[PDB]
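Single chain ahead, written as structure tokens, the form deposited in one PDB entry.
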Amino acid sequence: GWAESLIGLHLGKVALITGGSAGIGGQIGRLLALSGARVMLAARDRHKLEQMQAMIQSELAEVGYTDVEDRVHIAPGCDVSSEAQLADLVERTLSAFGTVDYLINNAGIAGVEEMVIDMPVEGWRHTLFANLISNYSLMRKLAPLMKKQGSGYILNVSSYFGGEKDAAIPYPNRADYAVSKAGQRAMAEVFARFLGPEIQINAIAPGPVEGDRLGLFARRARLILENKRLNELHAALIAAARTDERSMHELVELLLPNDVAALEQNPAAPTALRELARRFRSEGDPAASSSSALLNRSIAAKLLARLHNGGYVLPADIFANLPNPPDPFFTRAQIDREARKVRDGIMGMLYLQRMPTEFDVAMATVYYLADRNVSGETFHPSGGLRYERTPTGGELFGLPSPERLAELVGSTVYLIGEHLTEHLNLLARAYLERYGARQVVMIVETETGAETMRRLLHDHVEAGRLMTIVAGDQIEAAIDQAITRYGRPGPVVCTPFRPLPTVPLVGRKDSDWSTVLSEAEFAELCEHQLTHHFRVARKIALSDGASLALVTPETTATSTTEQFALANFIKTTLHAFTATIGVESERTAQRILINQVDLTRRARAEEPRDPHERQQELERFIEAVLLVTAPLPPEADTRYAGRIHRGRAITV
């Protein structure tokens, strides 16, 4: 009865739905089948997938379809993070049904669920493989057949937290997930012109749905409280260490009695730690041992990891004798209070004051799939949400205040890059010659890049003002070398080592697509243009850098059209990272200012066309980098100014 609108809507279509055993994906597969499509449901777990297949087949028979076993197939054991398994899934689907009409890129994992500074690099990479690279990989395998037959549809199941065309949505503690969701949207935005007219590509971006948060909530609330304690201790130690003569080792030794009141009362402890202990005693529940003990062994291990990953020298056994605080570390009251805060916060987003169901979101999506006139769009099948957003793409700016520029005198600057040699030369010379920096550490990828920069900067090399380090694929170890030999950085500028590739993004209708950007090449693009910046941001924040500008690839008036597309894919996707880590840093009292400077524009017509305009552009680049990297003087770092100067992106 409720399905009469659906029956026939997609008759004759073949759909592949990843993550099709449950959630939105299972409902999309169910409703597509009811609408008349033959569906392949892919998932990890065989049992749930068999149950979903049986449910759908039974419903099809109830409404009158025959031979229902021919209309719903399953592909169990399918881990979309594995390229080999994606190849197997496509072969299985084409063997069952022939050419796929609709690719529903629905599979997604939650990811690492940590702040960037607690996020293992391999965990970030895994999230990108599962949630983003898999979407390109399946498109790359199925679009040739779609184009050959003259029609197809790619739908990437993104999220409200993937942002929108000209604004990022910060998702603290979920930067890997947010980047993956933004990339799914950006893929549709930039590939639409290449895939048209035969193939539509769009994203859906539902907000919260009933069930997407899957005792467990009490456990997550406790982790929230444990990570707040970690953040407060870490920020106080980092702050104390930069203005105290004692080493980080000696500062951590002040925590070893694990006694809040004793630390507060210790007249020789740094003010930052004494004030923190006072807050723990005041803001803490008297029945919670966290009000009288500084940490537990779990927090201590995670804190030690942060310190080691920031290059601070401490024995691995420093916390081996830490007194264990008695249970409960946080009270049930504190934990339930935090859990209600999380829940009420989500429900408070909803203008309509009602949580959408997976079924309703899937229904809206199945209707939307009938629309043949949309491509490159993000459809919100549920929406109406109060949430913070960070507009991107401001182009009108000037230099920072003289007060901020004065903070650069005597500073240690790190510049990271290789292919943008002109930009790196101009930046090093600006910091050293105009703004009185003490030294620039130039961190390149290869010996050839190092020699190129040493020759361009020969005068500063000879004077001891320009040091070079060759990082290869070990940027964190290279930063550690810089810390040990030249000192911790103030301002840092991170440019990509590699240029963008110049291969086709789609193939001709009758071709084998052999020259089109491969699945491995797309993964390499993400490594060099997204993971590069994440690794630097993670390491620099852990190492107490004062500021960090993340710089995207350069487009010019002569860049190929494919370079424009990939550059804008990267620009939009990186905005999600910048906005998220900016808010993470702000909310955890980290002083680092992280922002993005875009050398990519949306349209060739905006680019400089003669040497004068090119000189104007390069001057704008220097001004933009100074605007985001000049530290805030003490008389200026208010809550108000702090929000302004983090998480933003400006376009040169």
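The first residue of the shown sequence is 1; numbering continues from there. Think of the rigid core as the biggest set of C-alphas that the two forms share within 1.5 Å after superposition.
If you look for the form deposited in another entry, you will not find it shown, but the lines that follow are about it.
Core-based superposition between this form and the one not shown leaves all of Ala541, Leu155, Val366, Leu294 but one with CA shifts under 2 Å; the exception is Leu294. Superposition of the core reveals a Cα shift of less than 2 Å for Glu476 between this form and the one not shown.
Put the two forms on the same core and the Cα of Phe191 is off by less than 2 Å between this form and the one not shown.
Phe129 shows a C-alpha shift below 2 Å between this form and the one not shown [criterion: core-superposed Cα displacement of 2 Å].
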